[PDB]
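Understanding the architecture of this molecule
The chain contents come next:
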Amino acid sequence: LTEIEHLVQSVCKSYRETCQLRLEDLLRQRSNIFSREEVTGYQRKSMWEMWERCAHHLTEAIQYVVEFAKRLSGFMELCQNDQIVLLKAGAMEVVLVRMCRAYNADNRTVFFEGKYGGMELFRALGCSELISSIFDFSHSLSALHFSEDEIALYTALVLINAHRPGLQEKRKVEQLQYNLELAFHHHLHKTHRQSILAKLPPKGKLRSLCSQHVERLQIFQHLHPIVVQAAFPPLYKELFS
Ligand SMILES: O=C(O)c1ccc(-c2nn(C(=O)c3c(Cl)cccc3C(F)(F)F)c3ccccc23)cc1
Ligand SMILES: C[C@H](CCCC(C)(C)O)[C@H]1CC[C@H]2[C@@H]3CC=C4C[C@@H](O)CC[C@]4(C)[C@H]3CC[C@]12C
């Protein structure tokens, strides 16, 4: 009906098509937990092997978020500089939010390579403080019990942010952001879920965690670089320079 009800539907559809893992599958698999043996198996792998596994999973996760963006109304009519600026600042913020779906707060486990495991799975990477910050962020998001439509609309707003430094057509990003803000508010009101607004992470916290993650990924990429077929080569070239 309204341009806004369609925008809600097209964001939720984009998300459904790019969500990478199905929520019912992730909820169904929570009982499928790595044994002590499988865990010491991961812990004994080289840093460089665990880095190769985790780098490729994270790159693929980023590629689902790039596709999500490309399918948001108006994203493809932004100039290429602004597309790169938004995804560079936002795509890994969206991956970190998407993680909460694959996270079980009851035993603090994440779905990884077909089973749930704790952060000790990743010991060989020697990243314990950063990995702990990532699990704690997922742990605090788990309390919101995001619906699929909430996660879709919230992650759209994570990407479409006119405050990112470097934008060339700030007013064009503002028009998309305000339509998505109205879509999000409208949807929460229609579903009696406005209470999540007071509980969303402070913007500073997501940007800060994302900044520490990407800096650590860039250090590993520097020491032991992986390659992938770039989904968005201009963005890829600006991360893997
Ligand atoms: O397929 C692509 O076009 C593409 C695929 C991935 C990205 C992208 N990688 N990335 C990383 O942090 C990253 C990852 Cl996930 C794995 C290994 C090394 C890295 C690092 F070198 F960049 F640090 C990002 C952060 C923020 C935003 C986009 C990306 C960008 C583009
Ligand atoms: C927290 C750990 C370790 C990160 C290690 C470091 C800091 C070197 O990158 C990472 C490794 C792999 C990541 C998952 C990859 C894919 C997905 C699917 C996506 O839909 C949601 C996020 C998730 C589950 C990632 C979570 C973070 C993981 C476990």
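Before any of the text, the structure's been laid out above.
In this report, we go over the structure that sits alongside the text. (Residues numbered from 1 in each chain as written, not as in the entry; some residues may be left out. Chains lettered and ligands numbered in written order. Heavy atoms only, no water.)

1. Description of the packing of helix α5 (residues 80–98) against helix α9 (residues 203–223)
Under the convention used in this document: What counts as an axis is a line fitted to C-alpha atoms, over the stretch in contact for a helix, and the angles between N-to-C directions run from 0 to 180 degrees. Segments assigned H or I by DSSP are reported as helices when at least four residues long, segments assigned E as strands when at least two residues long, and all are numbered from the N terminus. Put simply, angles under 35 degrees are roughly parallel, angles over 145 are roughly antiparallel, angles from 65 to 115 are roughly perpendicular, and the rest are oblique. In what follows, residue pairs with any heavy atoms lying within 4.5 Å of each other are defined as contacts.
Where α5 meets α9, the closest approach of the two axes is 9 Å, and the angle between their N-to-C directions is 100 degrees. The angle between α5 and α9 falls in the class roughly perpendicular. Only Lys203, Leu206, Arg207, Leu209, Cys210, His213, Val214 and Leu217 of α9 make contact with α5, whose side of the interface consists of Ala89, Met92, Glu93, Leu96 and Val97.

2. Some points on unusual backbone geometry
Selection rule: Relative accessible area decides the class of each residue, using a 1.4 Å probe on protein chains only: under 20% of the type maximum gives buried, over 50% gives exposed, and in between gives partly exposed.
Positive phi is not limited to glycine here, since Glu113 has a value of about 50 degrees. Within the fold, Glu113 resides in the loop between β2 (109–112) and β3 (115–117). Phi at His192 is positive, roughly 60 degrees, even though this residue is not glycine. Position of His192 among the secondary structure elements: in the loop between α8 (170–190) and α9. Residue classification places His192 among the exposed residues on the basis of a relative accessible area of 72%.

3. Description of the sheet that holds β2
We apply this condition: At least two DSSP bridges between two strands are needed for those strands to be called paired.
Strand order in the open sheet formed by three strands is β1-β2-β3, with antiparallel pairing between adjacent strands. Either end of the sheet is taken by a strand with one partner, and the two such strands are β1 (103–104) and β3. In the sheet, β2 pairs with β3 via three bridges, with the strands oriented antiparallel. Looking at the pairing, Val110 lines up with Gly117 of β3.

4. Let's talk about the pairing of β2
Residues of β2 alternate between two faces, with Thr109 and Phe111 on one and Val110 and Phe112 on the opposite face, all of them buried. Summarising the sheet, β1 and β2 pair through two bridges and their orientation is antiparallel. If you follow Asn104 over to β2, its bridge partner there is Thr109. The hairpin turn running from β1 into β2, its antiparallel successor, is four residues long, and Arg108 in that turn takes a positive phi close to 55 degrees. Here β2 hands over to β3 after two residues, with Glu113 in that stretch at a positive phi of 50 degrees.

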